[PDB]
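Chemist: final_28.cif is reproduced below (mmCIF, C-alpha atoms and all ligand atoms).
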data_data
#
loop_
_atom_site.group_PDB
_atom_site.id
_atom_site.type_symbol
_atom_site.label_atom_id
_atom_site.label_comp_id
_atom_site.auth_asym_id
_atom_site.auth_seq_id
_atom_site.Cartn_x
_atom_site.Cartn_y
_atom_site.Cartn_z
ATOM 1 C CA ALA P 1 -11.235 -15.464 1.771
ATOM 2 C CA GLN P 2 -12.405 -11.958 2.744
ATOM 3 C CA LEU P 3 -13.185 -11.983 6.472
ATOM 4 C CA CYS P 4 -14.499 -8.395 6.650
ATOM 5 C CA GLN P 5 -18.148 -8.446 5.907
ATOM 6 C CA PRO P 6 -19.968 -5.594 4.149
ATOM 7 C CA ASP P 7 -22.088 -3.488 6.517
ATOM 8 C CA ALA P 8 -25.506 -2.022 5.630
ATOM 9 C CA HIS P 9 -23.690 0.614 3.569
ATOM 10 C CA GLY P 10 -21.361 -1.772 1.761
ATOM 11 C CA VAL P 11 -18.224 -0.974 3.853
ATOM 12 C CA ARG P 12 -16.301 -4.053 4.881
ATOM 13 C CA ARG P 13 -15.684 -4.217 8.636
ATOM 14 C CA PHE P 14 -14.300 -6.716 11.145
ATOM 15 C CA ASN P 15 -15.823 -6.650 14.622
ATOM 16 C CA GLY P 16 -16.862 -3.045 13.933
ATOM 17 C CA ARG P 17 -13.404 -1.906 12.915
ATOM 18 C CA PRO P 18 -13.042 -0.681 9.327
ATOM 19 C CA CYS P 19 -11.011 -2.860 7.013
ATOM 20 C CA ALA P 20 -8.599 -1.939 4.270
ATOM 21 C CA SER P 21 -7.097 -3.731 1.331
ATOM 22 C CA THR P 22 -3.352 -3.733 0.787
ATOM 23 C CA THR P 23 -0.862 -4.218 -2.020
ATOM 24 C CA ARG P 24 2.882 -3.813 -2.404
ATOM 25 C CA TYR P 25 4.450 -1.313 -4.725
ATOM 26 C CA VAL P 26 7.864 -0.208 -5.943
ATOM 27 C CA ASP P 27 8.550 2.768 -8.141
ATOM 28 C CA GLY P 28 11.617 4.637 -6.857
ATOM 29 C CA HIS P 29 9.942 8.078 -6.954
ATOM 30 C CA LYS P 30 10.364 10.651 -4.188
ATOM 31 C CA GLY P 31 6.603 10.576 -3.773
ATOM 32 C CA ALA P 32 3.657 12.866 -3.141
ATOM 33 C CA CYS P 33 4.677 14.013 0.346
ATOM 34 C CA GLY P 34 8.044 15.398 -0.775
ATOM 35 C CA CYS P 35 10.148 12.908 1.236
ATOM 36 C CA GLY P 36 13.406 13.651 -0.557
ATOM 37 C CA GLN P 37 15.540 16.667 -1.468
ATOM 38 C CA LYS P 38 13.517 19.570 -2.843
ATOM 39 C CA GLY P 39 13.149 19.770 -6.632
ATOM 40 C CA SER P 40 14.596 16.325 -7.412
ATOM 41 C CA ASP P 41 12.679 13.057 -7.822
ATOM 42 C CA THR P 42 15.051 11.305 -5.362
ATOM 43 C CA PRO P 43 13.529 9.825 -2.178
ATOM 44 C CA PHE P 44 15.484 9.867 1.041
ATOM 45 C CA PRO P 45 16.743 6.295 1.542
ATOM 46 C CA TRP P 46 14.531 5.885 4.624
ATOM 47 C CA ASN P 47 11.503 6.442 2.398
ATOM 48 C CA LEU P 48 12.515 3.427 0.308
ATOM 49 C CA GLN P 49 13.387 1.276 3.339
ATOM 50 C CA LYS P 50 10.873 1.831 6.170
ATOM 51 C CA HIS P 51 7.209 0.970 6.662
ATOM 52 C CA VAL P 52 5.778 3.671 4.426
ATOM 53 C CA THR P 53 2.584 3.694 2.404
ATOM 54 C CA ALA P 54 0.803 5.326 -0.562
ATOM 55 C CA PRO P 55 -2.889 5.297 0.418
ATOM 56 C CA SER P 56 -5.705 5.583 -2.021
ATOM 57 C CA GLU P 57 -6.249 9.157 -3.203
ATOM 58 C CA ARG P 58 -9.329 10.231 -1.294
ATOM 59 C CA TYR P 59 -7.816 9.241 2.045
ATOM 60 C CA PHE P 60 -4.420 10.656 1.072
ATOM 61 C CA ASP P 61 -5.966 14.123 0.638
ATOM 62 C CA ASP P 62 -8.931 13.790 3.072
ATOM 63 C CA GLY P 63 -11.557 13.950 0.255
ATOM 64 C CA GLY P 64 -9.627 16.216 -2.092
ATOM 65 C CA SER P 65 -7.707 15.422 -5.278
ATOM 66 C CA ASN P 66 -4.319 16.994 -4.427
ATOM 67 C CA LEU P 67 -1.441 14.716 -5.263
ATOM 68 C CA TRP P 68 1.216 16.983 -3.723
ATOM 69 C CA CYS P 69 1.214 17.510 0.043
ATOM 70 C CA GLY P 70 -2.086 15.760 0.661
ATOM 71 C CA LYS P 71 -3.797 16.543 3.951
ATOM 72 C CA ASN P 72 -2.842 13.136 5.375
ATOM 73 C CA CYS P 73 0.872 13.213 4.466
ATOM 74 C CA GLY P 74 2.834 12.233 7.552
ATOM 75 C CA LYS P 75 0.023 10.450 9.302
ATOM 76 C CA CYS P 76 0.578 6.921 10.514
ATOM 77 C CA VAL P 77 -1.768 3.975 10.292
ATOM 78 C CA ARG P 78 -1.624 0.739 12.244
ATOM 79 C CA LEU P 79 -2.594 -2.165 9.993
ATOM 80 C CA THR P 80 -3.602 -5.499 11.607
ATOM 81 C CA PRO P 81 -4.119 -8.596 9.398
ATOM 82 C CA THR P 82 -7.473 -10.300 9.800
ATOM 83 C CA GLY P 83 -6.235 -13.486 8.093
ATOM 84 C CA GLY P 84 -8.328 -12.654 5.057
ATOM 85 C CA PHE P 85 -7.396 -11.638 1.498
ATOM 86 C CA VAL P 86 -9.127 -11.140 -1.850
ATOM 87 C CA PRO P 87 -9.337 -14.567 -3.559
ATOM 88 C CA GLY P 88 -6.865 -14.875 -6.369
ATOM 89 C CA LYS P 89 -5.263 -11.571 -5.354
ATOM 90 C CA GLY P 90 -3.446 -12.303 -2.113
ATOM 91 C CA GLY P 91 -3.061 -14.876 0.590
ATOM 92 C CA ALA P 92 -3.205 -15.475 4.310
ATOM 93 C CA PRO P 93 -0.168 -14.139 6.190
ATOM 94 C CA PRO P 94 1.905 -16.260 8.603
ATOM 95 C CA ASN P 95 0.982 -14.108 11.626
ATOM 96 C CA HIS P 96 -1.260 -11.178 12.471
ATOM 97 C CA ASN P 97 1.309 -8.869 14.134
ATOM 98 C CA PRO P 98 0.164 -5.258 13.570
ATOM 99 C CA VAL P 99 2.463 -2.980 11.635
ATOM 100 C CA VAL P 100 2.493 0.840 11.599
ATOM 101 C CA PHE P 101 3.136 2.615 8.292
ATOM 102 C CA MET P 102 3.565 6.326 7.641
ATOM 103 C CA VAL P 103 1.872 8.022 4.715
ATOM 104 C CA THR P 104 4.562 9.370 2.361
ATOM 105 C CA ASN P 105 2.988 9.041 -1.058
ATOM 106 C CA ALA P 106 -0.339 8.694 -2.884
ATOM 107 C CA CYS P 107 -2.125 5.945 -4.838
ATOM 108 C CA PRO P 108 -4.049 7.978 -7.430
ATOM 109 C CA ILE P 109 -7.378 6.803 -8.743
ATOM 110 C CA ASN P 110 -6.055 7.283 -12.286
ATOM 111 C CA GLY P 111 -4.253 4.061 -13.234
ATOM 112 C CA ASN P 112 -5.210 2.258 -10.009
ATOM 113 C CA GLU P 113 -8.930 1.654 -10.423
ATOM 114 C CA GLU P 114 -9.199 -1.831 -8.876
ATOM 115 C CA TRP P 115 -7.659 -0.973 -5.510
ATOM 116 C CA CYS P 116 -7.524 2.831 -5.290
ATOM 117 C CA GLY P 117 -10.685 3.735 -7.251
ATOM 118 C CA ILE P 118 -12.664 4.944 -4.235
ATOM 119 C CA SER P 119 -14.730 8.041 -4.824
ATOM 120 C CA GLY P 120 -15.000 9.373 -1.261
ATOM 121 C CA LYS P 121 -12.900 9.497 1.878
ATOM 122 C CA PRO P 122 -13.438 7.085 4.809
ATOM 123 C CA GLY P 123 -16.695 7.956 6.525
ATOM 124 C CA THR P 124 -18.629 8.426 3.307
ATOM 125 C CA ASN P 125 -19.361 4.769 2.520
ATOM 126 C CA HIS P 126 -17.490 4.744 -0.785
ATOM 127 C CA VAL P 127 -15.511 1.561 -1.405
ATOM 128 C CA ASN P 128 -13.161 0.058 -3.922
ATOM 129 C CA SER P 129 -14.093 -2.862 -6.197
ATOM 130 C CA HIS P 130 -13.426 -5.295 -3.326
ATOM 131 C CA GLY P 131 -15.558 -3.513 -0.720
ATOM 132 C CA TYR P 132 -12.940 -1.593 1.286
ATOM 133 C CA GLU P 133 -13.244 2.096 2.214
ATOM 134 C CA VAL P 134 -9.496 2.656 1.856
ATOM 135 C CA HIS P 135 -6.489 0.955 0.278
ATOM 136 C CA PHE P 136 -2.851 1.015 1.436
ATOM 137 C CA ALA P 137 -0.114 0.340 -1.092
ATOM 138 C CA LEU P 138 2.940 -0.602 0.930
ATOM 139 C CA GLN P 139 6.459 0.422 -0.223
ATOM 140 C CA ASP P 140 8.523 -2.692 -0.898
ATOM 141 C CA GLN P 141 11.656 -1.395 -2.618
ATOM 142 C CA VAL P 142 14.052 -3.205 -0.201
ATOM 143 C CA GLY P 143 11.730 -6.122 0.485
ATOM 144 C CA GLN P 144 10.406 -4.759 3.772
ATOM 145 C CA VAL P 145 6.889 -6.038 3.008
ATOM 146 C CA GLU P 146 8.114 -9.315 1.526
ATOM 147 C CA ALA P 147 9.916 -9.745 4.855
ATOM 148 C CA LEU P 148 6.576 -9.519 6.654
ATOM 149 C CA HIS P 149 5.286 -12.206 4.223
ATOM 150 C CA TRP P 150 2.300 -9.997 3.532
ATOM 151 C CA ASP P 151 0.753 -10.992 0.223
ATOM 152 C CA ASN P 152 -1.902 -8.299 -0.119
ATOM 153 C CA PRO P 153 -3.488 -9.126 3.244
ATOM 154 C CA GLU P 154 -6.856 -7.853 4.377
ATOM 155 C CA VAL P 155 -6.345 -5.623 7.455
ATOM 156 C CA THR P 156 -8.165 -3.528 9.951
ATOM 157 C CA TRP P 157 -6.812 0.012 9.988
ATOM 158 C CA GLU P 158 -6.681 2.985 12.331
ATOM 159 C CA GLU P 159 -4.733 6.234 12.546
ATOM 160 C CA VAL P 160 -2.164 6.281 15.347
ATOM 161 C CA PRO P 161 0.541 8.674 16.496
ATOM 162 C CA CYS P 162 3.696 7.984 14.534
ATOM 163 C CA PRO P 163 6.602 6.294 16.293
ATOM 164 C CA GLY P 164 9.335 8.774 17.101
ATOM 165 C CA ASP P 165 11.738 7.676 14.362
ATOM 166 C CA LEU P 166 9.116 8.090 11.658
ATOM 167 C CA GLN P 167 8.072 11.478 13.038
ATOM 168 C CA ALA P 168 11.678 12.622 12.849
ATOM 169 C CA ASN P 169 11.968 11.275 9.309
ATOM 170 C CA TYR P 170 8.794 13.115 8.267
ATOM 171 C CA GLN P 171 10.217 16.427 9.503
ATOM 172 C CA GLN P 172 12.634 16.504 6.561
ATOM 173 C CA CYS P 173 9.839 15.990 4.026
ATOM 174 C CA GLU P 174 8.918 19.074 2.029
ATOM 175 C CA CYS P 175 5.218 18.722 2.881
ATOM 176 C CA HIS P 176 5.903 18.931 6.618
ATOM 177 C CA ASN P 177 3.966 22.064 7.672
ATOM 178 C CA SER P 178 2.116 22.914 4.452
HETATM 179 O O1 LIG P 201 7.845 11.841 -6.929
HETATM 180 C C1 LIG P 201 7.547 13.238 -6.764
HETATM 181 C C2 LIG P 201 6.132 13.453 -7.307
HETATM 182 O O2 LIG P 201 5.244 12.452 -6.743
HETATM 183 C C3 LIG P 201 3.914 12.569 -7.253
HETATM 184 O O3 LIG P 201 3.067 11.563 -6.727
HETATM 185 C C4 LIG P 201 3.059 10.323 -7.441
HETATM 186 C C5 LIG P 201 4.238 9.428 -7.020
HETATM 187 O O4 LIG P 201 5.483 9.883 -7.577
HETATM 188 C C6 LIG P 201 4.035 7.966 -7.419
HETATM 189 O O5 LIG P 201 5.059 7.168 -6.819
HETATM 190 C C7 LIG P 201 2.653 7.508 -6.941
HETATM 191 O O6 LIG P 201 2.387 6.149 -7.314
HETATM 192 O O7 LIG P 201 1.677 8.338 -7.558
HETATM 193 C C8 LIG P 201 1.708 9.690 -7.105
HETATM 194 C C9 LIG P 201 0.545 10.463 -7.736
HETATM 195 O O8 LIG P 201 0.722 10.461 -9.164
HETATM 196 C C10 LIG P 201 3.329 13.917 -6.869
HETATM 197 O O9 LIG P 201 1.982 13.919 -7.344
HETATM 198 C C11 LIG P 201 4.151 14.985 -7.568
HETATM 199 O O10 LIG P 201 3.579 16.279 -7.320
HETATM 200 C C12 LIG P 201 5.578 14.868 -7.043
HETATM 201 O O11 LIG P 201 6.335 15.902 -7.686
#
Let's see the structure in the file written out as structure tokens.
Modeler:
Amino acid sequence: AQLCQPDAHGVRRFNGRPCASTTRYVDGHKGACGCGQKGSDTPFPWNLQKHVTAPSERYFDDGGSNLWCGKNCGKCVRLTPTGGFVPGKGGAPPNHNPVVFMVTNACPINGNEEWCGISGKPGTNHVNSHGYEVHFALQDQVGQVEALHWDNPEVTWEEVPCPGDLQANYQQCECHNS
């Protein structure tokens, strides 16, 4: 079911492009980029509703271990389904429309070994237990991922400029300009 094949260094890729694994998550926290009012664990509603993600830790902080205002807070990633998935842990989505998600939170290694246990940032050939160099946990509090019918799809991933509405949202996060 995984369509991204490991390269000579173990990193799963699809027609050269790097792949990522995905999951859904819900937890109601403000999150590691400070996207809510300062000092309170209350996310702005948009950060529960939009296409936002908690990437695995080493991408979140560009190789570091900071779980507050990681270096990649506010970046956006375009995720494109390959049609693949990890057997027993996902399925094939109905279409392969790409979706852009903004980084507003972190998936720490601690307590997320299977998917987020990756010991180096992309570029360094470290992978999770399924062979991907990065993992994106996708916020699903209001069913925004369920609505895509994404059941942990395998994707190719790249950083892209954020759409204007997400850039404006990110400007009220506390980690904007740290
Ligand atoms: O919620 C504010 C709080 O977020 C912390 O990041 C957590 C996040 O809350 C949780 O949803 C996610 O799954 O894990 C990360 C990392 O544990 C952040 O680390 C705190 O500094 C921040 O105050």
Chemist: Quick check on the file I pasted: which residues fall under the PyMOL selection byres (((not hetatm)) within 10 of (chain P and resi 201))? Write them as an MDAnalysis selection string.
Modeler: chainID P and resid 25:36 38:43 54:57 65:70 104:112 137 139
Chemist: Which of these, P:170, P:150, P:132, P:157, has the shortest distance to residue 96 in chain P once you count only C-alpha atoms?
Modeler: P:150
Chemist: Could you pull the residues within 10 Å of residue 97 in chain P, counting all atoms listed in the file, minus those fewer than 2 positions along the same chain, as a PDB file with C-alpha atoms, keeping the file's coordinate frame?
Modeler:
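The file below, result.pdb, is the result:
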ATOM      1  CA  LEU P  79      -2.594  -2.165   9.993  1.00  0.00           C
ATOM      2  CA  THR P  80      -3.602  -5.499  11.607  1.00  0.00           C
ATOM      3  CA  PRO P  81      -4.119  -8.596   9.398  1.00  0.00           C
ATOM      4  CA  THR P  82      -7.473 -10.300   9.800  1.00  0.00           C
ATOM      5  CA  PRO P  93      -0.168 -14.139   6.190  1.00  0.00           C
ATOM      6  CA  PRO P  94       1.905 -16.260   8.603  1.00  0.00           C
ATOM      7  CA  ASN P  95       0.982 -14.108  11.626  1.00  0.00           C
ATOM      8  CA  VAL P  99       2.463  -2.980  11.635  1.00  0.00           C
ATOM      9  CA  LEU P 148       6.576  -9.519   6.654  1.00  0.00           C
TER      10      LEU P 148
END
Chemist: Hey, what's within 12 Å of residue 15 in chain P if we count only C-alpha atoms and toss same-chain stuff fewer than 5 positions away? As a list in words, please?
Modeler: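 What passes the distance filter is residues 3, 4, 5, 6, 7, 82, 155 and 156 of chain P.
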Chemist: Determine the residue membership of the PyMOL selection byres (((chain P and resi 115) around 9) and not hetatm) for the file above and supply it as a PyMOL selection string.
Modeler: chain P and resi 21-23+56+107+109+112-114+116-118+128-130+132+134-137
Chemist: Find, counting all atoms listed in the file, the residue in P:143, P:131, P:88, P:64 that gets nearest to residue 9 in chain P.
Modeler: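 With all atoms listed in the file as the atom set, the closest residue is P:131.
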Chemist: Can you work out which one of P:53, P:174, P:98, P:142 has the shortest atom-to-atom distance to residue 78 in chain P, counting all atoms listed in the file?
Modeler: P:98
Chemist: Would you compute the distance between CA of residue 153 in chain P and CA of residue 85 in chain P? Give it in Å to one decimal.
Modeler: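 Atom-to-atom, CA of residue 153 in chain P and CA of residue 85 in chain P are spaced 5.0 Å apart.
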Chemist: Could you expand the PyMOL selection byres (((chain P and resi 50) around 12) and not hetatm) into the explicit residues it covers here, written as a ChimeraX atom specification?
Modeler: /P:43-49,51-53,99-104,138-145,147,163,165-166,169-170
Chemist: Pull C-alpha atoms from the residues just selected and write them as a PDB file, keeping the file's coordinate frame.
Modeler:
ATOM      1  CA  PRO P  43      13.529   9.825  -2.178  1.00  0.00           C
ATOM      2  CA  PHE P  44      15.484   9.867   1.041  1.00  0.00           C
ATOM      3  CA  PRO P  45      16.743   6.295   1.542  1.00  0.00           C
ATOM      4  CA  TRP P  46      14.531   5.885   4.624  1.00  0.00           C
ATOM      5  CA  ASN P  47      11.503   6.442   2.398  1.00  0.00           C
ATOM      6  CA  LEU P  48      12.515   3.427   0.308  1.00  0.00           C
ATOM      7  CA  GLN P  49      13.387   1.276   3.339  1.00  0.00           C
ATOM      8  CA  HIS P  51       7.209   0.970   6.662  1.00  0.00           C
ATOM      9  CA  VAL P  52       5.778   3.671   4.426  1.00  0.00           C
ATOM     10  CA  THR P  53       2.584   3.694   2.404  1.00  0.00           C
ATOM     11  CA  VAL P  99       2.463  -2.980  11.635  1.00  0.00           C
ATOM     12  CA  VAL P 100       2.493   0.840  11.599  1.00  0.00           C
ATOM     13  CA  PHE P 101       3.136   2.615   8.292  1.00  0.00           C
ATOM     14  CA  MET P 102       3.565   6.326   7.641  1.00  0.00           C
ATOM     15  CA  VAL P 103       1.872   8.022   4.715  1.00  0.00           C
ATOM     16  CA  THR P 104       4.562   9.370   2.361  1.00  0.00           C
ATOM     17  CA  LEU P 138       2.940  -0.602   0.930  1.00  0.00           C
ATOM     18  CA  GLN P 139       6.459   0.422  -0.223  1.00  0.00           C
ATOM     19  CA  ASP P 140       8.523  -2.692  -0.898  1.00  0.00           C
ATOM     20  CA  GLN P 141      11.656  -1.395  -2.618  1.00  0.00           C
ATOM     21  CA  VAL P 142      14.052  -3.205  -0.201  1.00  0.00           C
ATOM     22  CA  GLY P 143      11.730  -6.122   0.485  1.00  0.00           C
ATOM     23  CA  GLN P 144      10.406  -4.759   3.772  1.00  0.00           C
ATOM     24  CA  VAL P 145       6.889  -6.038   3.008  1.00  0.00           C
ATOM     25  CA  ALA P 147       9.916  -9.745   4.855  1.00  0.00           C
ATOM     26  CA  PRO P 163       6.602   6.294  16.293  1.00  0.00           C
ATOM     27  CA  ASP P 165      11.738   7.676  14.362  1.00  0.00           C
ATOM     28  CA  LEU P 166       9.116   8.090  11.658  1.00  0.00           C
ATOM     29  CA  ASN P 169      11.968  11.275   9.309  1.00  0.00           C
ATOM     30  CA  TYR P 170       8.794  13.115   8.267  1.00  0.00           C
TER      31      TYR P 170
END
